[PDB]
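The block underneath contains the structure these notes are about, expressed in structure tokens.
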Amino acid sequence: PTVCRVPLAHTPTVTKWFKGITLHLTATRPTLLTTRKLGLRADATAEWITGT
Amino acid sequence: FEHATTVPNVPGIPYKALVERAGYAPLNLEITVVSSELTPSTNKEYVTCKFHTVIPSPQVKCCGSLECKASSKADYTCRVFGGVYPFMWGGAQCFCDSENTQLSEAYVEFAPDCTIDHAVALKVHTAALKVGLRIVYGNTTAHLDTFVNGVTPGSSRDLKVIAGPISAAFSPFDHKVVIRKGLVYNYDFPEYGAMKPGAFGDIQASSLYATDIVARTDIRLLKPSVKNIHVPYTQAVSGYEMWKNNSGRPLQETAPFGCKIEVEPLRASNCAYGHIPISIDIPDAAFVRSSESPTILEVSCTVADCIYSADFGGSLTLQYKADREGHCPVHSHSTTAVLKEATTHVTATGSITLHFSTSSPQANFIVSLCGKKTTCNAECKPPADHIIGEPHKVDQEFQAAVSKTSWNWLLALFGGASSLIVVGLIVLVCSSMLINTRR
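Quick mapping for you: the protein sequence lines, in order, are chains B and A. Just add 262 to wherever you are in the first sequence, counting from 1, and you've got PDB author numbering. Here PDB author numbering is used: position 26 in the second sequence is 26, and no number is missing along the way.
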């Protein structure tokens with residue numbers, strides 16, 4: 263075991279509306295976006311995102 | 001003195017309560033869940049990883065015959081082939097032409113890199129909740145860890161806090177759990193001994209350094225075709241590799257209630273669910289005589305401007321008159337309003353600003369300045385911001401959530417209907433008595 267150097271993606275731009283968010287995501291290579299709700303239901307989205 | 005609260009199990013949000021003994025000045029109580037651990041009871045079944053197909057050197061007692069034996073090696077497959085005449089670099093390897101028997105052996109091992117890239121199959125039983133508490137009583141802060149079962153008295157020095165049973169029994173782990181390089185998956189692995197070829201757990205062992213490996217990898221030994229010595233074989237794909245390609249996302253990302261899944265030991269940390277019935281036996285010396293604390297002559301609450309949001313979106317000034325300086329505990333006698341402050345300094349005539357948080361669109365609660373309850377009334381407008389980065393300090397009730405204008409309209413409509421039918425009933429009885437007197 264050693265320590266690797268891994269990329270940090272471009273910080274998303276969050277536009278906020280009533281009961282929701284919009285993430286403006288800039289990715290030059292496939293980057294993984296994972297979401298989940300902090301309640302009993304944990305609807306969990308996983309997607310590999312490339313492009314804007 | 002014994003106090004029985006019900007702390008919401010959200011880590012970080014302080015829960016405030018006021019304990020009032022007869023003849024003793026009110027004491028401020030402050031309970032915070034700094035951390036939480038949901039630790040299940042584990043049982044390791046086996047360790048699985050990629051297998052190394054070991055094909056020994058072919059044996060040719062090649063004028064005569066060989067017999068297949070039995071070995072304890074993992075997935076030990078053997079086959080005896082009729083007439084071979086094998087070749088190497090050097091020509092014919094023996095003398096008789098078609099009386100030559102070749103024995104093909106093929107078993108399965110643990111790959112050399114398996115000590116790092118392996119999975120552990122576990123069965124986890126009922127989980128136990130353990131919490132870190134930050135009880136603040138008077139001017140003394142005590143940190144302590146308690147088991148959430150209802151009987152164990154976790155105590156730091158002299159607090160003796162008994163964490164009651166959790167209201168909701170929740171466990172993010174299934175019965176069967178797979179751990180691979182710190183990532184926790186909910187997988188239904190085959191039992192020890194039921195190895196399915198091509199699926200997770202096709203090779204099993206108690207440990208990585210065990211000599212009792214059991215495997216079932218579907219090794220089919222094929223009849224050699226070429227003249228050069230060869231062991232042609234075919235096999236199923238590694239179940240570990242197939243599961244790795246089709247594992248899905250881990251519990252670290254599919255957990256409910258915002259649980260943080262951690263390993264060594266397996267636990268779900270900082271889970272926000274349910275209510276905890278804490279019971280604190282505060283030491284006697286912490287309480288002070290009602291004579292020692294300053295006495296409020298009269299106070300009145302005016303509230304500047306309030307919104308109902310997660311953070312402390314409210315302000316409140318109360319003009320008091322005290323006959324002596326000192327420290328007085330402040331508390332909101334309401335379930336939908338929580339104060340940011342706990343103790344404040346009163347000096348004769350003065351006014352102090354107390355920030356609170358609300359879930360109702362009304363500051364319709366009571367505040368106590370070391371006693372002397374006083375009532376507030378104002379309008380809590382909805383917040384302009386839609387999304388915040390901090391949890392809601394107060395839960396959402398019904399009578400609180402409905403505003404007084406909506407209550408007035410609802411009561412106007414319902415009471416109008418009810419008064420209409422009441423007038424109908426009174427004219428009913430009056431007309432009936434008139435008719436009875438008629439005949």
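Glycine residues also receive a C-beta, built at the ideal position from the N, C-alpha and C atoms.
* Pull up the distance between the alpha-carbon of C78/A and that of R298/B, whole angstroms please. => Along the second sequence, read from residue 1 onward, the residue named residue 78/A stands at position 78. Along the first sequence, read from residue 1 onward, the residue named residue 298/B stands at position 36. Those two C-alpha atoms are separated by around 51 Å.
* Provide the residue(s) that pair with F200/A in DSSP beta bridges, ordered along the chain. => The count along the second sequence starts at 1 and reaches residue 200/A at position 200. Note: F200/A sits in no beta bridge, so no partner.
* **Short CB-CB distance (under 7 Å) between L287/B and chain A** => As a working mapping, residue 287/B is identified with position 25 in the first sequence. For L287/B, the answer is no, since every Cβ of chain A falls outside 7 Å of its Cβ.
* Asked: What residues in its chain sit with their C-beta under 7 Å from that of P256/A, if we drop five residues either side in the sequence?
  -> As a position in the second sequence, residue 256/A is number 256, starting the count at 1. Cβ within range, chain order: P172.
* To do: If I'm right that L29/A touches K16/A with Cβ under 8 Å, what's the distance once you round it to whole angstroms?
  => Taking the first residue of the second sequence as 1, we reach residue 29/A at position 29. Taking the first residue of the second sequence as 1, we reach residue 16/A at position 16. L29/A to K16/A, Cβ: 7 Å. Contact.
* Which ranges does the beta strand (DSSP E) cover as unbroken runs of at least 3 residues, wholly within the stretch 193-245 of chain A, from first to last along the chain? -> none
* Residues of the stretch 384-413 of chain A whose Cβ lies closer than 8 Å to any Cβ of chain C, in chain order -> Within the model displayed, chain C is absent; protein chains B and A are what it includes.
* To do: Give a yes or no on whether 7 Å exceeds the smallest Cβ distance from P382/A to chain B.
  => The residue given as residue 382/A occupies position 382 in the second sequence. Taking Cβ atoms only, chain B never reaches closer than 7 Å to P382/A, which makes this a no.
* **C-beta contact flag for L369/A and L354/A at 7 Å** => Counted from its first residue, the second sequence places residue 369/A at position 369. Counted from its first residue, the second sequence places residue 354/A at position 354. In this structure, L354/A does not lie closer than 7 Å to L369/A by Cβ.
* To do: List the residues of chain B that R249/A touches, going by C-beta distances under 9 Å, in chain order.
  => Working through the second sequence from its first residue, we reach residue 249/A at position 249. Result: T296, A306, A308.
* Would you say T254/A faces chain B, with C-beta separation under 7 Å as the test? -> On the second sequence, position 254 is the one that residue 254/A refers to. By this cut-off, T254/A is an interface position.
* To do: Step through the CB atoms of chain B and report whether any lies within less than 7 Å of the CB of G258/A.
  => For the purposes of this step, residue 258/A is taken as residue 258 along the second sequence, with counting starting at 1. Closer than 7 Å: yes.
* Give the C-beta separation of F147/A and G138/A to the nearest angstrom, bearing in mind that I take them to be a contact with Cβ-Cβ under 8 Å. => On the second sequence, position 147 is the one that residue 147/A refers to. On the second sequence, position 138 is the one that residue 138/A refers to. Not really, about 26 Å apart at Cβ, beyond 8 Å.
* Where does the unbroken beta strand (DSSP E) through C49/A begin, and where does it stop? -> Here the question's residue 49/A lines up with position 49 in the second sequence. Neither: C49/A is in no beta strand (DSSP E) and is coded neither H nor E.
* To do: Taking 7 Å as the cut-off, decide whether the C-beta atoms of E390/A and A337/A are in contact.
  => To locate residue 390/A, count along the second sequence from 1; it is residue 390. To locate residue 337/A, count along the second sequence from 1; it is residue 337. No, they are not a contact pair.
* **Selection from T275/B, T264/B, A289/B, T284/B that minimises the alpha carbon distance to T314/B** => Position 52 of the first sequence holds residue 314/B. The candidate whose alpha carbon is nearest that of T314/B is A289/B.
* In chain B, which residues lie with their C-beta within 9 Å of the C-beta of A272/A? -> Numbered from its first residue, the second sequence carries residue 272/A at position 272. The contacting residues are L300, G301.
* Find the residues of chain A that neighbour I311/B, judging by a C-beta separation of less than 9 Å, and give them in chain order. => Stepping through the first sequence from its first residue, residue 311/B is reached at position 49. Those do not exist, as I311/B stays about 15 Å from chain A at its closest Cβ, beyond 9 Å.
* Asked: Is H275/A near the ligand ZN, with its Cβ less than 6 Å from a heavy atom?
  -> Looking for the ligand ZN in the displayed structure turns up nothing, as the structure carries no ligands at all.
* In the structure shown, what three-state DSSP assignment does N149/A receive? -> Numbered from its first residue, the second sequence carries residue 149/A at position 149. It is coil, neither helix nor strand.
* Would you mind working out which of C376/A, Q399/A, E191/A, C49/A sits nearest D117/A, comparing C-alpha positions? => By 1-based counting over the second sequence, the position of residue 117/A is 117. Taking only the C-alpha atoms, the option nearest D117/A is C49/A.
* Terminal residues of the alpha helix (DSSP H) in which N186/A lies -> To locate residue 186/A, count along the second sequence from 1; it is residue 186. Here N186/A belongs to no alpha helix (DSSP H), and DSSP marks it neither H nor E.
* **Nearest residue (CA-CA) to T53/A, options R216/A, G248/A, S431/A, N228/A** => To locate residue 53/A, count along the second sequence from 1; it is residue 53. For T53/A, the nearest C-alpha among the options comes from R216/A.
* To do: Determine which residues share a DSSP beta bridge with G313/B and list them.
  => Here residue 313/B refers to the residue found at position 51 of the first sequence. In the DSSP output, where bridge partners are listed per residue, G313/B has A289/B.
* Does the beta-carbon distance from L222/A to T115/A come in below 7 Å? -> Here residue 222/A refers to the residue found at position 222 when the second sequence is read from its first residue. Here residue 115/A refers to the residue found at position 115 when the second sequence is read from its first residue. No, these two residues do not count as a Cβ contact at 7 Å.
* Below 7 Å between beta carbons: does that hold for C380/A and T405/A? -> Taking the second sequence and counting its residues from 1, the one referred to as residue 380/A is at position 380. Taking the second sequence and counting its residues from 1, the one referred to as residue 405/A is at position 405. In this structure, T405/A does not lie closer than 7 Å to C380/A by Cβ.
* **Range covered by the alpha helix (DSSP H) that runs through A417/A** => Numbered from its first residue, the second sequence carries residue 417/A at position 417. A417/A -> alpha helix (DSSP H) spans 404-438.
* Alpha-carbon to alpha-carbon, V33/A and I219/A -> Taking the second sequence and counting its residues from 1, one reaches residue 219/A at position 219. Taking the second sequence and counting its residues from 1, one reaches residue 33/A at position 33. Each residue's alpha carbon lies about 55 Å from the other.
* To do: Out of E341/A, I307/A, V7/A, state which residue places its alpha-carbon closest to the alpha-carbon of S360/A.
  => Reading the second sequence from its first residue, position 360 is the one you call residue 360/A. Out of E341/A, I307/A, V7/A, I307/A has the C-alpha closest to the C-alpha of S360/A.
* Using the Cα positions of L318/A and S290/A, report the straight-line distance between them to the nearest angstrom. => Locating residue 318/A in the second sequence gives position 318, where the first residue counts as 1. Locating residue 290/A in the second sequence gives position 290, where the first residue counts as 1. The straight-line gap from Cα to Cα measures roughly 22 Å.
* Taking only the alpha-carbon atoms, compute the straight-line gap between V346/A and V299/A and give it to the nearest angstrom. => For the purposes of this step, residue 346/A is taken as residue 346 along the second sequence, with counting starting at 1. For the purposes of this step, residue 299/A is taken as residue 299 along the second sequence, with counting starting at 1. C-alpha separation (whole angstroms): 11 Å.
* Does the distance from the CB of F51/A to the CB of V124/A come in under 7 Å? -> By one-based count along the second sequence, residue 51/A stands at place 51. By one-based count along the second sequence, residue 124/A stands at place 124. Not closer than 7 Å, so no.
* Asked: Which stretch, first to last residue, makes up the beta strand (DSSP E) that contains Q252/A?
  -> Counted from its first residue, the second sequence places residue 252/A at position 252. Looking at the DSSP string, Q252/A is not in any beta strand (DSSP E); the run it does join, the alpha helix (DSSP H), is 251-254.
* Asked: So is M433/A buried or exposed if we call it buried at 16+ other beta carbons inside 10 Å?
  -> If you number the second sequence from 1, residue 433/A lands on position 433. So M433/A counts as exposed.
* Asked: Starting from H345/A and walking both ways along the beta strand (DSSP E), at which residues does that stretch end?
  -> Against the second sequence, residue 345/A aligns to sequence position 345. Residues 343-346.
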